[PDB]
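Here is how the chains run, residue by residue.
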Amino acid sequence: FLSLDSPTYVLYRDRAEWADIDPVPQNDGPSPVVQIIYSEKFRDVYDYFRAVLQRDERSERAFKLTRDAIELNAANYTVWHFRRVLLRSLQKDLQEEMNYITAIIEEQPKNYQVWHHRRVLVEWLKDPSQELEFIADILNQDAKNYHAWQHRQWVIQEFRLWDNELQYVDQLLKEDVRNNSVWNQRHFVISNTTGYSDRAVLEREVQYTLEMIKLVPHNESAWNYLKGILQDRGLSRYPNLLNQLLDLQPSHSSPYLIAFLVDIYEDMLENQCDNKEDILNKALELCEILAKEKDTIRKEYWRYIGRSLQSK
Amino acid sequence: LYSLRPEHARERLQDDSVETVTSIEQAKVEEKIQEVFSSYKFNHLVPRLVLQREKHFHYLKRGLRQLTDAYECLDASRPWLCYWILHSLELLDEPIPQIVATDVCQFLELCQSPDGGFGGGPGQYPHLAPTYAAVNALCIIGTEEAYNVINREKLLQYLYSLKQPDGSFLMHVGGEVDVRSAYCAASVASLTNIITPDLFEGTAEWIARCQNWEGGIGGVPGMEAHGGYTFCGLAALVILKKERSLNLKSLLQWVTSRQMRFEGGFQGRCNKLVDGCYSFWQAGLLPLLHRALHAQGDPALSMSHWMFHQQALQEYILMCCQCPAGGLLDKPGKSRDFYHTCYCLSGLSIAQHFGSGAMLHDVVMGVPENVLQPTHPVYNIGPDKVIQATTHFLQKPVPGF
Ligand SMILES: Cn1cncc1CN(Cc1cccc(C#N)c1)c1ccc(C#N)c(-c2cccc3ccccc23)c1
Ligand SMILES: CC(C)CCCC(C)CCCC(C)C[C@@H](O)P(=O)(O)O
Ligand SMILES: [Zn+2]
């Protein structure tokens, strides 16, 4: 009704329609701590919120007030709550509200209440029709907004909207193959639709992954993915693995190739294999290289793997 | 210094020539960091890593009393500011005047809800975050008074009020759900000794479902592995004594991969940037993982170090996350705040102190005055405060009903 930002915006204390109420001030105790020095504005709006809340005045004017209170500190979950009460009580047009929250999110895509608030609305309306488009927009401004992705996964699961997400994933991966969120999303999707048991799928997936690897050999995501879909069933069940991997030694090498090999070797040992002795040696040598030369930042770990590799 | 060395310059980013928004940003930080590293060579001084303890102390000392309107954005996390500050000091081995502590006690009391738990400030609905903070705070103080502020009987009620059938908890009535809640609950419940037999029924299983293909743990099952959530998970499991509910192996490989080979610090998510705070959220997992593994009799475990470059991390923090005026920070360029102050320091300490039964190989970078007081890898408060608290509440009966 009156923008927090209008040059013509104003103190509630100062308002004609807000004179029947006495502004309840914050009570931080006689001897404050971590006490914030609020702007006359911030204090104004909240002193009044304290009151309306305290009275539990479920009025239109209160409603409009939480808006101001939220803009002042969108992280204030209490206000976010009372607002939801007003929404139900005053019986407010929710789609209208959807738009509101939509704009707020655009503004603080990293706030926790805003996203939850939206999920509540969607729930209330049982209408996911706008979600995937909205989210995409936000992920369009920050392809890695944890909340957005989280929100998206909820909409997809709850309303079973799996059909075009892989396509989406492929789109984003084309934009930044290093986007771990997408790789994850990719796993989320396939594992909830077809699963990785499907030979064809499995093969498709690795093939693809082996590509991205053999394309950006120092991109760790691809590696963790390939390892991810594989390692749940045993790398060692995968013969050519070692080989093709072995081929990339001079052509697409990184500590990742080595770590992976060390990983294969591990499984090839868990399952027992001829030449194991040698295998163990080859493995231990890699451990040292990674530890001593190739990836020393985690030398503690790499040597620990060398020691474990000793007992088991 | 490990970082100032010439071969360390090979740990620089391999763009593969395929530049994406990610490469770009990473590369960006790397340069900003390089600069800080080469700070010494250009100026011709011997590098001397020092923790601006006094400057930090004056910063903290001040904030514990009042903050600028720049802090309005936190008006709902006051107990947190308490904790952060009250811990940093704690780590800095600084004093907590018997009067200031009281005020804190008194303030938190005002934050405490009649329904149990704590709110972000006086009159706010209870929330697990502030609750976790409040408690830790009170503990850090550790006095009959502080402890007596906590209404155990009500705490339980509250805790139960948020408990979900699938084992998770809400952060607050009508609130969201994610691992944070689990850790929050577990931490406060255990410390105060209010854990009933069914309180955390199935919680361990819920947390376990959060561990994904990355080996890491996410906010809720299905989500990307994340440092902040991973700590909550693990820590939570350690408290319930069920770490084994996870695949610790892959967990280990994930966290360890989170340390930046060139920067020395940690990243919250694969292919994300370094961030001081993760000095704790990520690095703290190792001490937790040590116990765990050692717990299932792991022989290959070190008796002197954590499974991460303690050196590098100390360097990063010391060289890159310290604010001249006082306070620590995300990374160079980023502003200072008590959150990062609280966690950079927490990370430092983690990096400076090792243990493993009776072993004690501390590693203090630069000026020995840089060493900090020790902190508990689960609660993130002085191990002595932890012990002190649990035992005090131990002599109280779990609120059975
Ligand atoms: C951008 N960035 C890079 N590194 C961190 C950030 C963001 N930032 C710092 C933050 C936010 C608000 C105030 C302070 C302070 N002091 C610090 C964040 C981001 C996410 C979370 C989460 N979850 C938190 C957070 C964690 C634990 C307790 C909290 C209590 C109150 C508020 C936030 C808290 C802080
Ligand atoms: C007990 C606790 C409140 C623990 C909180 C631990 C955390 C730092 C959690 C981080 C929350 C999230 C989702 C952060 C992400 O936005 P980002 O990775 O961008 O920092
Ligand atoms: Zn941070």
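The rules behind each value
Residues numbered from 1 in each chain as written, not as in the entry; some residues may be left out. Chains lettered and ligands numbered in written order. Heavy atoms only, no water. Helix = DSSP H or I, 4+ residues; strand = E, 2+ residues; numbered from the N terminus. Rg over C-alpha atoms; globule rule 2.2 N^0.38 Å. Buried < 20%, exposed > 50% of the residue type's maximum accessible area, 1.4 Å probe, protein only. Contact = heavy atoms within 4.5 Å. Buried area = accessible area lost by both parts, 1.4 Å probe. Salt bridge = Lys/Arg side-chain N within 4 Å of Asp/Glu carboxyl O. Polar contact = N/O pair within 3.5 Å; in protein donor to acceptor, adjacent residues only side chain to side chain. Donors = N, O, S within 2.8 Å, 3.2 Å for Na, K, Ca; no water. Near = heavy atom within 4 Å. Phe/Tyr/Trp six-rings, centres within 6.5 Å; stacked < 30°, edge-to-face > 60°. Areas by Shrake-Rupley, 256 points an atom, 1.4 Å probe, with all protein chains shown as cover. Nonpolar A, V, L, I, M, F, W, Y, C, P; charged D, E, K, R; others polar. UniProt positions renumbered as here; feature names shortened; annotations may be inferred. Expected span 1.5 Å × (residues − 1).

The deposited coordinates, according to the entry record, derive from X-ray crystallography at 2.7 Å resolution.

Let us look at the overall build of chain B. When helices and strands are counted, chain B shows 16 helices and one strand. For 401 residues, the compact-globule estimate of 2.2 N^0.38 gives 21 Å, and chain B sits close to it at 21 Å. In chain B, buried positions account for 66% of the 401 residues. Restricting to contacts in chain B with at least 6 residues of sequence separation, those with at least 24 account for 69%.

Facing 65 residues of chain A, the contacting portion of chain B comprises 84 residues. When chain A packs against chain B, close to 6400 Å² is buried across both sides, 51% of that on carbon and sulfur atoms. Sorting the residues of chain A by area buried against chain B places A:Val34, A:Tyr77 and A:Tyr146 first, and these three jointly supply 13% of that buried surface. Here chain A is connected to chain B by five salt bridges. For the pair chain A and chain B, the interface holds 53 residue pairs in polar contact.

This part takes up the coordination of the zinc ion (ligand 3). Residues and elements named next belong to chain B. Every protein donor of the zinc ion (ligand 3) is listed here as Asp 275 (OD), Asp 275 (OD), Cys 277 (SG) and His 340 (NE2), and their distances to the metal cover 2.0 to 2.3 Å. Along the chain, the residues that donate to the zinc ion (ligand 3) are spaced as D-x1-C-x62-H. Of this pair, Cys 277 sits in the loop between α11 (248–256) and α12 (278–281) while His 340 sits in helix α15 (residues 338–352), and the two are 63 residues apart along the sequence.

Let us now look at the site of ligand 1. Around ligand 1 lies a shell formed by A:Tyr112, B:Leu74, B:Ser77, B:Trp80, B:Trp84, B:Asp275, B:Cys277, B:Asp330, B:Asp337, B:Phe338, B:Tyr339 and B:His340. Residues near ligand 1 are shared among chains A and B, making this a multi-chain site. One nitrogen or oxygen atom from the main chain of B:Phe338 is found 3.5 Å from a nitrogen atom belonging to ligand 1. Here a nitrogen atom of ligand 1 and a backbone polar atom of B:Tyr339 are 3.3 Å apart.

Here the focus is the packing of aromatic side chains. Residue and element names in this part refer to chain B. Under the counting rule described, the total for this entry stands at 40 aromatic pairs over all chains. Summarising the aromatic geometry, the rings of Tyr 71 and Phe 338 are spaced 5.2 Å apart at their centres and angled 40 degrees between planes, so their arrangement reads as tilted. One end of the pair, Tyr 71, is in the loop between β1 (66–67) and α3 (78–91); the other, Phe 338, is in helix α15, with 267 residues separating them in the sequence. Ring plane angle 70 degrees and centroid distance 5.5 Å describe the contact between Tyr 147 and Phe 393, whose orientation is recorded as edge-to-face. Separated by 246 residues along the polypeptide, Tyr 147 in helix α6 (residues 144–149) and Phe 393 in helix α16 (residues 383–394) bring together distant segments of the chain.

A word on the pattern of salt bridges. Here the structure, examined in full by the defined rule, presents 35 salt bridges over all chains. Notably, a salt bridge pairs A:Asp28 with B:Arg78, separated by 3.0 Å at the nearest N-O pair. In this pair, A:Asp28 is assigned in the segment before β1 (35–36) and B:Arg78 in helix α3, connecting two distinct chains. Just as A:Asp28 is buried, B:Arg78 falls in that class too. Measuring nitrogen to oxygen at the nearest pair gives 2.6 Å for the salt bridge that ties A:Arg298 to A:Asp295. Classification of A:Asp295 as buried rests on a relative accessible area of 3%.

Moving on, we come to the site of ligand 2. Near ligand 2 you find 13 residues, and of these A:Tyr112, B:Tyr183, B:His226, B:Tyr278 and B:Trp281 are the closest. For ligand 2, an oxygen atom lies 2.8 Å from a polar atom in the side chain of B:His226. One of the side-chain nitrogen or oxygen atoms of B:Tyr278 is found 3.1 Å away from an oxygen atom of ligand 2. Coverage of ligand 2 by the protein chains reaches 83% of its 570 Å² of free accessible surface. Elements with a minimum of two residues in the shell around ligand 2: α8 (179–192), α10 (227–240) and α12 of chain B. Residues belonging to the shell around ligand 2 are distributed by class as follows: nine nonpolar, two polar and two charged.

All names here are of chain B. Mapped onto the present numbering, the UniProt feature "repeat: PFTB" falls at residues 101–142, 152–193, 200–241, 248–290 and 310–352. Across residues 101–142 one finds 60% helix and 0% strand; the C-alpha atoms that close the span lie 9 Å apart. Note that residues 248–290 is 44% helix and 0% strand, and that its end C-alpha atoms are spaced 10 Å apart.

Another aspect to go through is the environment of B:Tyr160. Residue and element names in this part refer to chain B. You can see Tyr 160 is positioned in helix α7 (residues 152–162). Exposure remark for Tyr 160: the relative accessible area of 24% places this residue in the partly exposed category. Between the C-alpha atoms of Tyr 160 and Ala 185, which are 25 residues apart in sequence, the distance is 9.8 Å. Apart from the residues within four sequence positions on either side, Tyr 160 is in contact with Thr 196, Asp 198, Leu 199 and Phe 401. Of note is the side chain of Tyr 160, whose polar atom sits 2.6 Å from the side chain of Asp 198.

Quick look at α15(B) now. Across its 15 residues, α15(B) extends 21 Å between first and last C-alpha, which sits within 8% of the 21 Å expected from 1.5 Å per residue. Measuring from the backbone nitrogen of B:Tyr339 back to the side-chain oxygen at the start of α15(B) gives 3.1 Å, which picks out B:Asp337 as the cap.

Glancing now at the UniProt feature "binding site: Zn(2+)" in chain B. Residues and elements named next belong to chain B. According to UniProt, the feature "binding site: Zn(2+)" maps to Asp 275, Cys 277 and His 340 in the numbering used here. Considering the C-alpha atoms alone, the annotated residues occupy 66 residues of sequence yet fold into one spot, their largest mutual distance being 8.9 Å. Along the chain, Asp 275 turns up in the loop between α11 and α12. Beyond its immediate sequence surroundings of up to four residues, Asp 275 is in contact with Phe 266, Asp 330 and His 340.

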